[PDB]
Structures are given as structure tokens and as C-alpha cells.
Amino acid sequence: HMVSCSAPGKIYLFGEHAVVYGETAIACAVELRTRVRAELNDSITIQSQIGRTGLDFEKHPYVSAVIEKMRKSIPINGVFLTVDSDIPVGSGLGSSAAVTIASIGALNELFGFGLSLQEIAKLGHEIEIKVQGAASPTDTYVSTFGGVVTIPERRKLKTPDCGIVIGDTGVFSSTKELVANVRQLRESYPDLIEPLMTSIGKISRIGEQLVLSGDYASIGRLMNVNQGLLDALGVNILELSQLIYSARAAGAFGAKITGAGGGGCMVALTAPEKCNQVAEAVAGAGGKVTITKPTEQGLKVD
């Protein structure tokens, strides 16, 4: 009676920060996944990298919210959930959405809730609102369904036959403060910054055709433009620049911040034959590197 589910993380090819101002973005699930194993138990126990708890909204807020929410439809007396992940809690890789979706998947399987993927993505959205007070459905949608998806129209795009090199600066990045900083900048210089958001949106809409045609060189070129605009919005840091420039010099098609910035990770779109060379340059410049690829697979019952 041992069930396991996994859900992937994601990167932004284009358009982070500008979505909340009405602009288009392109997200891409990657083959770094969070796994949740679930078992019948006498009590509620959650174990992850930060230890073992019961219901605990300081250490395990997403998993605990999932259990509380789902126990209202089919009562859950006890359960043992074990979480392990390749997604570092730290950047714009979607670690919160992955454990949320994987937790819902595991309990759906274990207790026979019979939820559809669409229902799961919607429930995962509700959980993140519960935990964060407000949240966009994007993270939990991409983790449920995988692949490449535009935001907010949710067009599904051809998954690139590409390497993806993620470089983690190890700097803790607080998404809400960076989002608030960008808002203050926009407020300070509205006629200047709002067109900058339009440009980021334009990049995503150009990028769509390039994703569909598989022009990874052109995609990387536009990723580099996008990186500049993100730098202009104030969310780049020295460590991110160094990883990004080191990836480019090693032959990446393009490299940029993914997610909120201010720390966290960058992403380098790389031909497969150049993944190691790119990864080595990024590690050499001080980055904790992960080599991965896009995935079409969202929530999976392992």
C-alpha cells in the first residue's frame, strides 16, 4: 500500500515579472521533480529534507494544507508522506508547486479521490492561495501538465530538443520583495517602465514562433535580450551575471535569470553536445550546477 507520485519543476524561457502587468510569458517544465510517497499510518506524519513533523505549517505548510483540504472530502485519519526533491528551495524552479501537486497526486492515488488532472491543478492553485494568501495558477498548472506553456493563454508549445543548464548562485531570493521592488520602480517611472514590460511581452510572442519552429539559436538570442530587460528592472545580481556570462562564453544558445531574480538560479539553453562544457564553466564561475532537459511529463504516478 505504498504509493508514489512526482511532479516537475519549471523554468521561464521568457516573461517573468511582466505577467502580472498583463504581458505574455513562456514557461517550461524540466526534468527535476519532487517525489512524494504516501502510506497508510496511525497518525499524520510528514518527512522531508527539513525533518519529520505532523501537521506543521511552519515546516511543511503546503503538504499540511493539502492534507487538511483533501481530508474534508474523504476523511484522512493518518498517513505518512515522505518528500524528496531535486528542486532546490531557492529560485524560480517551482519547488512549492511541485510538492503541492505531487502531494495531491499521492493522496488521490492512496485514498481513491479519483481527481482529474484539471481538478488537481485547480486544487493545487487553491492550496497555494491558502498558504501564500494570494497566488497565480501558473505554477501548479505547469507542474500538473508539464511541457512548454504560454502564460496566460496556456497555449502548449513544441518541447525543445535541448539541454538546459541551471546555475544556482546559492543566494536566497525572496520573491515578494523583488516583486514589490519592481512595482515601486514602475510607480516611480511609469512612462519609462511600463513600455519596458511591453517589450518583455513582445519577446515572449516572438519567442512562441521560434519555439514552434525549433530555432534554439534565435530563442537563446531573445533570452539574452530578456536578461537585459530583467537587469534593467533591478532584479539581477553579480552572481547571476557571472553564471550567465560564463554559460554564454562556453557555447550556450542563451542564458538568463529564471523566476524572481535577486539571487536564485539562471538558466542556459544549450545544445546537448555543449551541456558539460557549459555546466563546467558555470561551476567554475561559482555556480551549483544542474544539467537537465524540458519534459512533457507533468504529474506522474511512479
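Counting begins at 1, following the sequence as shown.
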inquiry  = Regarding 269 to 277 and 255 to 263, which shows the higher C-alpha temperature factor on average in the entry?
reply    = 269 to 277
ask   = Can you tell me which stretch has the higher mean Cα B-factor, 229 to 237 or 30 to 38?
value = 30 to 38
note = Of the residues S204, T100, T144, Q132, the one whose Cα carries the largest B-factor in the deposited record is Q132
remark   = The largest CA temperature factor among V149, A121, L210, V89 is found at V89
task = Relative to the other modelled residues of the same chain, rank the CA B-factor of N77 and answer lowest, middle or highest third.
result = highest
task = Could you tell me which third, lowest, middle or highest, the C-alpha B-factor of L13 occupies within its chain?
result = lowest
message = Is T45 in the lowest, middle or highest third of its chain when residues are ranked by C-alpha B-factor?
response = lowest
task = Could you tell me which third, lowest, middle or highest, the C-alpha B-factor of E126 occupies within its chain?
result = middle
message = Please say which third, lowest, middle or highest, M2 falls into when its CA temperature factor is compared across its chain.
response = highest
